[PDB]
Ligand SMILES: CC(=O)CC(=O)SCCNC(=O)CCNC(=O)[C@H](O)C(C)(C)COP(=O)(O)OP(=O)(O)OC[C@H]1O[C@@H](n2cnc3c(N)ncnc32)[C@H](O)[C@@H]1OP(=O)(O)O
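Next up: just one chain, as structure tokens, the form solved without acetoacetyl-coenzyme A.
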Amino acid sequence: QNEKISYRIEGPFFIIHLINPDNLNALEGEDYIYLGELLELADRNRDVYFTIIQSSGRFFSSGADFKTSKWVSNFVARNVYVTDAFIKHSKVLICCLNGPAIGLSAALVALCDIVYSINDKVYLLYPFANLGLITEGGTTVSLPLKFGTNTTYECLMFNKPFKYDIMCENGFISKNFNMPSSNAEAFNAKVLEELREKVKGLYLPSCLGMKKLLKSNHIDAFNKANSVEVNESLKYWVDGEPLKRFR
């Protein structure tokens, strides 16, 4: 197991927690892999109906941690594995956004089923054009779907944040808790307090039955997207440009 990311179960809630606020929860390849496996884990567990993903500090995650060298063949394997696990996960994926997210970790927020926000200073940022890359983590599908093509084009092409006012206008954030971003702990605990309230009286196997159908609406497109995003990425690595621009 891993000291940047913890997890526990709590009735129907399998809870994953990024516990490295000092480093703005930047994640390395093996961290993304681990995160992928925790989902595989919650997904086998027959008592779990909701995978909640929380973080810490002032950022949800600043994304990739930057510290023949086909280290990029791991970078790529990273993308595929973790993106696959989200796309396919059958439990209801909930993300507690305690601050900005960037890069692949931002793409993963966009694959979650429900998102809640600590306050209105949150944003998602996809700096691909800036690092001479293209879309990853299913964003080809996930961004236009959840924010619209024209907004997606404005943000991706010109490396601009999908800010909070955009998130509400498109219903991306299912609720804002409007709390200090000093206290991520209380926000994460407030969310789970309410989740515990909302599930009372429900028949949870219905939720999974319902996700099973809703998921079918785009599952093929999500997978197609993951596949072709990776293929086309290689054209960009072999050119070399991404590397020069890691500085």
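Under this definition, the rigid core comprises the largest set of C-alpha atoms superposing within 1.5 Å between the forms. Just count from 1 along the sequence shown to find any residue number.
Another form, the form solved in complex with acetoacetyl-coenzyme A, is not on view; read the next lines as being about it.
Proximity of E37 to acetoacetyl-coenzyme A in the deposited complex: non-hydrogen atoms within 4.5 Å are absent; the residue sits far from the partner.
The closest non-hydrogen atom of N23 lies within 4.5 Å of acetoacetyl-coenzyme A in the deposited complex. When contacts are judged by a 4.5 Å heavy atom cut-off, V48 does not count as touching acetoacetyl-coenzyme A in the deposited complex. Though the partner is left out of this view, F59 does reach within 4.5 Å of acetoacetyl-coenzyme A in the deposited complex, counting heavy atoms only. Site annotation in the deposited complex: the residue of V122, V92, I102, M167 reaching within 4.5 Å of acetoacetyl-coenzyme A with a heavy atom is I102.
Heavy atoms within 4.5 Å of acetoacetyl-coenzyme A in the deposited complex belong, among the stretches 126-134, 112-120, 142-150, 83-91, to residues of 126-134.
Shift analysis on the rigid core between this form and the one not shown singles out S73 from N150, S174, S73, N159 (C-alpha displacement of 2 Å or more).
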